[PDB]
Asker: 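I have a structure here, written as structure tokens, and I will follow up with some questions on it.
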Amino acid sequence: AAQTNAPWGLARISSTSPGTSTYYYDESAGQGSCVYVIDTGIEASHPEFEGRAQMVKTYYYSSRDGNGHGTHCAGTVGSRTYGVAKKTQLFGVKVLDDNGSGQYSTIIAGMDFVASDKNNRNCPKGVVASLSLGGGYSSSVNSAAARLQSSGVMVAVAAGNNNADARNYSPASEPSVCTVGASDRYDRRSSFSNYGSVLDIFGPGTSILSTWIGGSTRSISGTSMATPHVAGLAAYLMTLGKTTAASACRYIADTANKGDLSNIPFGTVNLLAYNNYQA
Ligand SMILES: [Ca+2]
């Protein structure tokens, strides 16, 4: 399949080189996989999600996304126009309030929720979770991300937007999950992207067009935008039979474009997510 004039991030993920605008992907498109988006929630009714999005959990007075951030993330995972996995099921878990804040305790409960809740969903092809959130190092937060992963969910998490070493951030510093840095359209590290030996991969994170609340769209930036590219790519690869929750991060890093990014600090991986689709 070929989606012409795709958002640059989508084109990039299916390309060996920067500067192109068509997204190529196998038509299976993530069918029969599931992606949890753990964030401010998801405007499920957005036409772009086509009935494939559902809120399954909130810790606040409402499950609606009153912010937009989670909806944007969800659209990059799986909206028909802006998404990597155009046929995946999307499940929203609202651990962040409408100001995009959440206490660590709520975030942890949200991770544990998905680790059980995937047993209530139909995802023959596998399960992914996209966690575009972050705060200072906490072993409890790391440990919750590690449980989520060991239960059989491919966990992808934002490296953070501090332009600093991600070792100091959670769940970014958790070794067993996929920690995702942000790049821009000219293949430079995003200027806000964290870095470090704890990073596993980079995805498109600067000027990322996707869904927003009120049924609209917008371009925004962050390692939080890069994460759902990798989350969507895992779902897509898993439905193709290429990999599993337990090895998806590894496989993505093995099949990445390598040594193509600029401003990567000494000791951080120079790997850009890539679907290796032979159209
Ligand atoms: Ca990690």
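Starting from 1, each residue takes its place in the sequence as its number.
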Asker: One thing to verify: whether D254 and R250 come together as a salt bridge, which I'm taking to mean a side-chain N less than 4.0 angstrom from a carboxylate O.
Answerer: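 No, no charged N to carboxylate O under 4.0 Å.
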Asker: Distance only, no hydrogens: is a donor on one side chain within 3.5 Å (strictly under) of an acceptor on the other, for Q31 and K86?
Answerer: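 No, because no side-chain N or O of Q31 sits under 3.5 Å from a partner of the opposite role on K86.
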Asker: If you measure only the distance, is there a donor-acceptor pair under 3.5 Å linking the side chains of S101 and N99?
Answerer: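 On atom types as modelled, these side chains do not qualify, holding no pair under 3.5 Å.
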Asker: Might you work through the side-chain contact (heavy atoms from CB on, under 4.5 Å) test for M154 and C178, ending with a clear yes or no?
Answerer: CA-CA 8 Å; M154 193 286 179; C178 215; 3.8 Å; yes
Asker: Answer with yes or no whether the side chains of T206 and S221 bring together a donor and an acceptor at under 3.5 Å.
Answerer: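 Absent: no donor and acceptor within the cut-off.
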Asker: Does either side chain, that of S79 or that of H46, offer a donor lying less than 3.5 Å from an acceptor on the other one?
Answerer: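 Note: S79 and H46 side chains miss the donor-acceptor criterion.
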Asker: Using every non-hydrogen atom in the two residues, find where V95 and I38 come nearest and quote the distance to one decimal.
Answerer: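 Shortest heavy-atom contact: CG2-CG2, 3.7 Å.
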Asker: List the residues meeting ring-ring contact (aromatic ring centres under 6.0 Å, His included) with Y36, not counting sequence neighbours, and say none if there are none.
Answerer: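 By the ring-ring contact (aromatic ring centres under 6.0 Å, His included) rule, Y36 matches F91.
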Asker: Tell me, with the steps shown, if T223 and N161 meet side-chain hydrogen bond (donor to acceptor under 3.5 Å, both in side chains).
Answerer: CA-CA 6 Å; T223 54; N161 302 327; 2.9 Å; yes
Asker: Could you verify whether a donor N or O on one side chain and an acceptor N or O on the other, from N142 and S173, lie under 3.5 Å apart?
Answerer: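 Distance-only check passes for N142 and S173.
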Asker: Applying salt bridge (charged side-chain N to carboxylate O under 4.0 Å, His left out), can you list everything that pairs with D112, at least two apart in sequence or on another chain?
Answerer: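 Result, salt bridge (charged side-chain N to carboxylate O under 4.0 Å, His left out) vs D112: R147.
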Asker: Tell me yes or no: between the side chains of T106 and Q103, is some donor less than 3.5 Å from an acceptor?
Answerer: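 The answer is yes; a qualifying pair exists.
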Asker: Check the side chains of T244 and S247 for a donor-acceptor pair under 3.5 angstrom, ignoring hydrogens and angles.
Answerer: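 Yes, because at least one side-chain N or O of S247 sits under 3.5 Å from a partner of the opposite role on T244.
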Asker: Could you go through the side-chain hydrogen bond (donor to acceptor under 3.5 Å, both in side chains) check for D65 and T71 one step at a time?
Answerer: CA-CA 7 Å; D65 179 21; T71 293; 2.5 Å; yes
Asker: For a quick check under 3.5 Å, do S151 and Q149 share a side-chain donor-acceptor pair by atom type?
Answerer: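 No pair is found: no donor N or O on one side chain lies under 3.5 Å from an acceptor on the other.
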Asker: Could you grab the distance from atom OG of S170 to atom OH of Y104, nearest 0.5 Å is fine?
Answerer: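 Nearest 0.5 Å value for the OG-OH distance: 5.0 Å.
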Asker: Walk me through it: do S33 and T88 pass the test side-chain hydrogen bond (donor to acceptor under 3.5 Å, both in side chains)?
Answerer: CA-CA 5 Å; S33 59; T88 203; 2.9 Å; yes
Asker: May I ask you to decide whether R189 forms a salt bridge with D184, counting only side-chain N to carboxylate O separations under 4.0 Å?
Answerer: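 Salt bridge absent between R189 and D184.
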Asker: Please round to the nearest 0.5 Å and tell me the distance separating atom CG of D200 and atom OG1 of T268.
Answerer: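 Answer for the CG-OG1 pair, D200 versus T268, is 11.5 Å.
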Asker: Could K94 and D98 be called an ion pair, given the rule that one side-chain N must be under 4.0 Å from one carboxylate O?
Answerer: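 A salt bridge is present here (some side-chain N lies under 4.0 Å from a carboxylate O).
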Asker: Any luck finding a side-chain donor-acceptor pair between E48 and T211 under 3.5 Å?
Answerer: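 No, no side-chain donor-acceptor contact under 3.5 Å.
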Asker: Run the side-chain contact (heavy atoms from CB on, under 4.5 Å) check on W212 and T217 step by step: do they pass?
Answerer: CA-CA 5 Å; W212 199 256; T217 54; 5.7 Å; no
Asker: Spell out, yes or no, whether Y82 and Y24 are grouped together once hydrophobic residues are joined by side-chain heavy atoms under 4.5 Å, including indirect joins.
Answerer: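 No, separate clusters.
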